[PDB]
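Chemist: requesting a structural model of the entry that follows:
(chains A, B and C, ligands or ions: 14)
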Amino acid sequence: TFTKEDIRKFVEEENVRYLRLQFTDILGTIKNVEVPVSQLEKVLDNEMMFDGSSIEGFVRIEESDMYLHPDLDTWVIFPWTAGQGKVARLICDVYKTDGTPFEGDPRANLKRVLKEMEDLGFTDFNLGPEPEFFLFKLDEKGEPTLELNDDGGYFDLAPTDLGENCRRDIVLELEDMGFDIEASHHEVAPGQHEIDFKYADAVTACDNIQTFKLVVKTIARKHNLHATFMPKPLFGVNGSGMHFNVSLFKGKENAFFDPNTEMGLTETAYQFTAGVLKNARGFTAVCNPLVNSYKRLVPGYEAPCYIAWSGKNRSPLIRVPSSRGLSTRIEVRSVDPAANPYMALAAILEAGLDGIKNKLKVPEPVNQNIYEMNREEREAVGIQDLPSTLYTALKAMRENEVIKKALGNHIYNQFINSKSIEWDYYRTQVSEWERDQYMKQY
Amino acid sequence: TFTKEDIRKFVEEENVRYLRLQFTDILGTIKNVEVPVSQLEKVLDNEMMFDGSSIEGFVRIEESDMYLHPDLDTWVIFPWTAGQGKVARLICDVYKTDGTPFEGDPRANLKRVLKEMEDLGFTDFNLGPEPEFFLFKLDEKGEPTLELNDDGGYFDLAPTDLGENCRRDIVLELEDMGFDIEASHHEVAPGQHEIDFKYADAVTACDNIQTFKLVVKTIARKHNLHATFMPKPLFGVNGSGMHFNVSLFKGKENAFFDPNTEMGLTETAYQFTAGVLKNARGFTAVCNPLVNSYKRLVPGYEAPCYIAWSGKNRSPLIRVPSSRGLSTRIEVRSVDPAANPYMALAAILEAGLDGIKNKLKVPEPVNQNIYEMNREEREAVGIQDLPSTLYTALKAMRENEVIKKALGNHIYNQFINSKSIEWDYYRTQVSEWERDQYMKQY
Amino acid sequence: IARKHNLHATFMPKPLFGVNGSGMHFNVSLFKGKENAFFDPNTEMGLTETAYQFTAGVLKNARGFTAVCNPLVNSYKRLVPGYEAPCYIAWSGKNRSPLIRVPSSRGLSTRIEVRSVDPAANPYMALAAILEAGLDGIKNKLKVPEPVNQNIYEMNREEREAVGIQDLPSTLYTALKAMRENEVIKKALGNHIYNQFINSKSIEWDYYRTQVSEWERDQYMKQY
Ligand SMILES: Nc1ncnc2c1ncn2[C@@H]1O[C@H](COP(=O)(O)OP(=O)(O)O)[C@@H](O)[C@H]1O
Ligand SMILES: Nc1ncnc2c1ncn2[C@@H]1O[C@H](COP(=O)(O)OP(=O)(O)O)[C@@H](O)[C@H]1O
Ligand SMILES: C[S@](=O)(CC[C@H](N)C(=O)O)=NP(=O)(O)O
Ligand SMILES: C[S@](=O)(CC[C@H](N)C(=O)O)=NP(=O)(O)O
Ligand SMILES: C[S@](=O)(CC[C@H](N)C(=O)O)=NP(=O)(O)O
Ligand SMILES: [Mg+2]
Ligand SMILES: [Mg+2]
Ligand SMILES: [Mg+2]
Ligand SMILES: [Mg+2]
Ligand SMILES: [Mg+2]
Ligand SMILES: [Mg+2]
Ligand SMILES: [Mg+2]
Ligand SMILES: [Mg+2]
Ligand SMILES: [Mg+2]
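Modeler: Residues are numbered from 1 along each chain as shown, chains lettered A, B, ... in the order given. Ligands and ions are numbered 1, 2, ... in the order given. Sure, the structure comes next:
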């Protein structure tokens, strides 16, 4: 944890002339404002203010004044800004005029579930995300095209894979920002890319994801490309998800890892798996929040389709990578990169604690390709399906109690409400598909 | 009813040189073959044959030989063919190599329900359809555009309404074919048109609808236009439905019309209304068979949204026009022009007979604008909603028993099966809407 | 600079229909020499009665100074409801629908933010206007109507007439006439500036009154 004179010393020592205070609305979009260094004890005295009317999911126009309280632990400088315009950043939580934190701030809300988990004996909730993304070419006037940067596949090399330097450039700015980058490569789909980085505290992991996406889209544009984290932007090729590798620690204890078992898993980790499977239908709407999200949750693309766990398996909802030890984890593959990381985490966490709190029994693993399983054959072993559309996700959300717990009223309410207009709007448009499949035949 | 020497005399007297035998597959598409007059006792001896493998909804490639049995009552000549190439037409039912009628022929299937209704005391099942349609401009190479012929509205005149002569031309060919045309006008939406004609026997009414559409699309093309019966081809304007005005007759008895009641309805007509409301969810999938069909079953466009009846009302599922007397009818507004007329009729008929057979009690009428009714306020008076998507229509179909009765196994089965692939295919594509609403924001 | 970036900056009140207009909010205060004469540290509100008298001031005369603070025909396509621009004469704290908003900041930051002004206004005239409107409320010590602490856009005519909320002038012409009866504004600009602003803008209006929009041709030229 950093001091207030910690960051006072930092702005002198590096001559940081501008400060970007950041936070996150309900859809997971970074929102921020730049302030000259001149203003640094307004920001440090927490007297920074903004307008909640114009933030989706926050507040009404008559209740609109809101405050930013910076979190000094988040401090970081941008390795490409420098000189007369060197820029530094602080992520903030949102406070009301009360002086009290805002019930509707996704991030403070994660901090809230994390106390419900340190009350059950655990030090940290560690997350390692796998945010995949596509790269599209830009046109003369700087706007995206439907033309992917390459037509390469998994682990391909240049010139089959042309995102090489862009990913390199992304990595070095990320590296020069504090990330421990783990790997960088081309994923399965044409123009699809992956850059993995090391796990971190529940809150700082999401802080990481929201910075990750900021850097991907900014460098991508400099390379004359458009980066999208849209779950499934083209039909018939792999979508891109955000796999959430997750683990509880008892202070350098990997509490999921039993060191003499042959499969190497404690069963407080077994019970965790039980709760996320019990509540999977419940939280899908926050881990798959677009209508586009469900066009990626169809079989055949290494995306979770049915609710089940297995090891060394990319067909199921929950993989347990072969890696054990301090790296023993469960990878939750449903989440896609459009999900609000802070909220997706609170849902998965509380879903896993109501799995231990309730001492729940794990189901048996499906060590098969689930996509090759007959509907009746999978109904035989009793495996549920995930919601097939955002509407069905929504209604499964208002049935599940564990999710309202994880999100609270203001967020739970402002979410069902907003994602139901996006469904209404979408269930009125006429797709090129119908017109293309119906207007001449009928 | 006509004789075989009836039509022998007809081909001599007019010198009809070509014969078009017609029938209908499961999606309501006219299928036919032209035969020289040379072949007229092959056709009359029922020795005409074709291939059921290549007809959707019929039969397998190993069971493929099928026969046509013409229905001589249907005879009609085309008032635009003449001379060396004068053409005449006979609608046929499909028979197997058995000699027995094909279980899967929508039309013979209507004839089958009609015997289940003359066994309950009624002479005819009379239908008057209102098939609405749009007119799109063609381009240089003869292919449709998204440009409507006019930007007129209801009952408009030229030059605001430019479909005048086309509709005229349609009417005179229709008139010269035996239709008693009733009215012709521009309906609510831009480039939308209506041409009503007088009611007829259950079977000949559908025979009429399938000819209607044939003539609309043929004249429309000569006028350099493209006619579509797509339910909802553009968002934000009125779709076009096929209102089914329906009545039972006891031989010139309008059995729906009570002549001293003030509202003028017998209650064998009241019980009929009860059964179509009891089974509405069941048969929607056949009266609204496209995914496009449900983009028209959204509130605000004079299309049925919730299951309810009223009089003088275009907001509800079932209208009872002010017209009483020999014209007392219930108009069933859900049906849209993409529905197979023969099948839509069997569903609505059997739905209404299980309403009298079961002596069912009518509900109370909603004499209001149902679209202005709060969701909870309409849940208060207990009015169901129609299926919001073709998938929900399908599953409501496999629950309802009255519909499997109306369609039989081969048709019921071949329908759930085929319209579920069209849903699968459609619930995999990525709409310009998502890419347009998601690819830059995420 | 915007040009040096191949861009074009405009302070036009609402260059585009259907999205927020750009307004030039005037947060103002009165000082008695290093101390914010708007801020009472004892009371819970945070406001002295000079701040109350002062806003009673601008509220009372808002109709009169509106033409000067919203001086283009375009100005009045921003005073449409629903875009965080005001269109009713009212005041609230913490609230962005009303004419005057008073921010949560107190201490040396206590102030009234007059949301009416748009960036097309002549700052020295608008400020001269608001200052004397306030100065009127201070030397007649008017007492302030009670605040309107809801979204003032979602209120019906019946619901606003009840509480006594006057609209601001809908058009520039109507704003000019509001300007000719309000006498406090005439002393604010002086005879010379008052007259020539009125002239200049009266004839600006006449030119707009006679234009034919292609709004109109896109509606009436095929319909009628
Ligand atoms: N104990 C752990 N808890 C949480 N995350 C972990 C743990 N061990 C490793 N990880 C995370 O797993 C991720 C590895 O992802 P990746 O290498 O793409 O896996 P794979 O390719 O097998 O799916 C890293 O992001 C890292 O943070
Ligand atoms: N007794 C009846 N039974 C069945 N159909 C009828 C009866 N009387 C009239 N019709 C039909 O009603 C239709 C009238 O449709 P239309 O004039 O467009 O009605 P509206 O415009 O009021 O909806 C005709 O197609 C006609 O066949
Ligand atoms: C080869 S893949 O395994 C495919 C990811 C998939 N497109 C998804 O939607 O999660 N994922 P990874 O190697 O990143 O764990
Ligand atoms: C004015 S309308 O009443 C509108 C028909 C609507 N578009 C529908 O989908 O049925 N129908 P009609 O006058 O043909 O009975
Ligand atoms: C949310 S807004 O509050 C919008 C004001 C708008 N531009 C207008 O005055 O039309 N402005 P700000 O928070 O900068 O005061
Ligand atoms: Mg808002
Ligand atoms: Mg650098
Ligand atoms: Mg990986
Ligand atoms: Mg993974
Ligand atoms: Mg076939
Ligand atoms: Mg002719
Ligand atoms: Mg009509
Ligand atoms: Mg009708
Ligand atoms: Mg402001």
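Chemist: please report phi then psi for the residue nearest to residue A:253 when sequence neighbours are not counted.
Modeler: Spatial nearest neighbour of residue A:253, excluding adjacent residues (CB to CB, 6 or more residues apart in numbering or on different chains): residue A:123 at 7.3 Å. Every residue, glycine included, has its C-beta placed from N, CA and C. Main-chain dihedrals, residue A:123, degrees, to the nearest 10: phi -70, psi -60.
Chemist: neighbours around residue A:123, how many?
Modeler: The burial count assigned to residue A:123 is 15, neighbours taken as other CB atoms under 10 Å in any protein chain shown.
Chemist: contact partners for it?
Modeler: The contact partners of residue A:123, by CB atoms under 8 Å, 6 or more residues apart in numbering or on different chains, come to A:249-253.
Chemist: please, where are all the helices along chain A?
Modeler: Secondary structure of chain A, counting by DSSP state H: helices at A:4-14, A:40-44, A:106-118, A:164-175, A:202-222, A:267-278, A:280-287, A:341-356, A:375-380, A:390-399, A:401-426, A:432-438.
Chemist: now the ones you listed as TSV including distance to ligand 11 and mean neighbour count?
Modeler: What follows is the helices of chain A, written out as TSV (distance: least, CB to the ion, whole Å; neighbours: other CB atoms under 10 Å in any protein chain shown):
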stretch	distance to ligand 11	mean neighbour count
helix A:4-14	90	13
helix A:40-44	85	16
helix A:106-118	71	19
helix A:164-175	68	17
helix A:202-222	65	21
helix A:267-278	71	22
helix A:280-287	61	27
helix A:341-356	69	27
helix A:375-380	56	11
helix A:390-399	52	18
helix A:401-426	48	17
helix A:432-438	32	17
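Chemist: on that earlier part again, farthest pair within the contacts of residue A:123?
Modeler: For the contacts of residue A:123, the maximum inter-member distance is 7.8 Å, found between A:250 and A:252 (CB to CB).
Chemist: more neighbours, the two?
Modeler: Between residue A:250 and residue A:252, counting by other CB under 10 Å, residue A:250 is the more crowded of the two (12 against 8).
Chemist: in this structure the more buried one contacts residue A:122, no?
Modeler: Yes. Residue A:250 is within contact range of residue A:122, at 6.0 Å (criterion: CB atoms under 8 Å).
Chemist: coming back round to it: among the contacts of residue A:123, which are in strands?
Modeler: residue A:249 (DSSP state E).
Chemist: how far away is the residue positioned nearest the centre of chain A from chain B?
Modeler: Centroid-nearest residue in chain A: residue A:341, 3.3 Å away (criterion: CA atoms, centre = their mean). Residue A:341 sits 13 Å away from chain B when distances are taken as CB to the nearest CB, to the nearest Å.
Chemist: not counting its neighbours along the chain, what's nearest that residue?
Modeler: Per CB to CB, 6+ apart, closest to residue A:341 is residue A:206, 3.7 Å.
Chemist: state which one residue of the stretch 101-250 of chain A is found closest to ligand 2.
Modeler: Going by CB to the nearest ligand atom, ligand 2 is nearest to residue A:235 of the stretch 101-250 of chain A, at 40.7 Å.
Chemist: up against chain C, what does the stretch 1-150 of chain A have?
Modeler: A:47, A:49, A:51, A:53-54, A:60-65, A:97 (CB under 8 Å from any CB of the partner chain).
Chemist: give me that answer again for 6 Å
Modeler: By the rule CB under 6 Å from any CB of the partner chain, the part of the stretch 1-150 of chain A lying against chain C is A:53, A:61-62, A:64-65, A:97.
Chemist: contacting residues for the residue of the stretch 151-300 of chain A found nearest ligand 2?
Modeler: Going by CB to the nearest ligand atom, ligand 2 is nearest to residue A:291 of the stretch 151-300 of chain A, at 35.6 Å. By CB atoms under 6 Å, 6 or more residues apart in numbering or on different chains, the contact set of residue A:291 is A:390, A:426, B:434.
Chemist: try residue A:400
Modeler: A:279, A:282.
Chemist: look up how far ligand 5 lies from it.
Modeler: 36 Å (CB to the nearest ligand atom, to the nearest Å).
Chemist: phi, psi for that residue please.
Modeler: Torsion angles, degrees, to the nearest 10, at residue A:400: phi -80, psi 130.
Chemist: do you know how far it is from residue A:358?
Modeler: 14 Å (CB to CB, to the nearest Å).
Chemist: now residue A:344
Modeler: From residue A:344 to residue A:358 the distance is 21 Å (CB to CB).
Chemist: and if you look at residue A:92?
Modeler: Relative to residue A:358, and taking CB to CB, residue A:92 is found at 35 Å.
Chemist: just residue A:26 next, same as before
Modeler: Relative to residue A:358, and taking CB to CB, residue A:26 is found at 29 Å.
Chemist: the closest residue to residue A:162 other than its chain neighbours - how many residues pack around it?
Modeler: Of all residues not flanking residue A:162 in the chain, residue A:150 sits nearest, at 4.3 Å (CB to CB, 6+ apart). Neighbours of residue A:150 under the rule other CB under 10 Å: 20.
Chemist: pull the contacting residues for residue A:150.
Modeler: A:161-162, A:191.
Chemist: at 10 Å what do you get?
Modeler: A:135, A:137, A:156, A:158-164, A:186, A:190-193 (CB atoms under 10 Å, 6 or more residues apart in numbering or on different chains).
Chemist: quickly list what the residue in chain A that ligand 9 sits nearest to is bridged to.
Modeler: Residue nearest to ligand 9 within chain A: residue A:243 (3.6 Å; CB to the ion). Counting by DSSP bridges, residue A:243 is bridged to residue A:130.
Chemist: okay, strands next: where are they in the stretch 51-200 of chain A?
Modeler: A:65-70, A:76-77, A:87-95, A:124-131, A:133-138, A:144-148, A:181-186, A:192-197, A:200-201 (DSSP state E, counting those that start in this stretch).
Chemist: between the fifth one and strand A:144-148, how big is the angle?
Modeler: Going by axes from the mean of the first three to the mean of the last three CA atoms, to 10 degrees, strand A:133-138 is angled at 110 degrees with respect to strand A:144-148.
Chemist: and the third one, by the same measure?
Modeler: Angle between the axes of strand A:87-95 and strand A:144-148 is 110 degrees (criterion: the same axes, to 10 degrees).
Chemist: is ligand 7 contacted by strand A:87-95?
Modeler: No. Using CB under 5 Å from the ion, strand A:87-95 stays clear of ligand 7, coming no nearer than 12.0 Å.
Chemist: returning to that earlier point: looking at residue A:26 and residue A:358, which one has more neighbours?
Modeler: Counted by other CB under 10 Å, residue A:26 and residue A:358 do not tie: residue A:26 has more neighbours, with 24 against 13.
Chemist: residue contacts, residue A:97?
Modeler: A:49, A:63-67, C:93-94, C:103-104.
Chemist: quick revisit: who touches both of residue A:250 and residue A:252?
Modeler: Joint contacts of residue A:250 and residue A:252 (CB under 10 Å, 6+ apart) are A:123-124.
Chemist: coming back round to it: how close does the residue nearest to residue A:341 get to ligand 13?
Modeler: 56 Å (CB to the ion, to the nearest Å).
Chemist: residues in contact with the residue lying closest to residue A:80 once chain neighbours are set aside?
Modeler: Once flanking residues are discounted, residue A:80 sits nearest to residue A:173: 6.1 Å by CB to CB, 6+ apart. Counting by CB under 10 Å, 6+ apart, residue A:173 touches A:78-80, A:179, A:215, A:218-219.
Chemist: lovely, talk soon.
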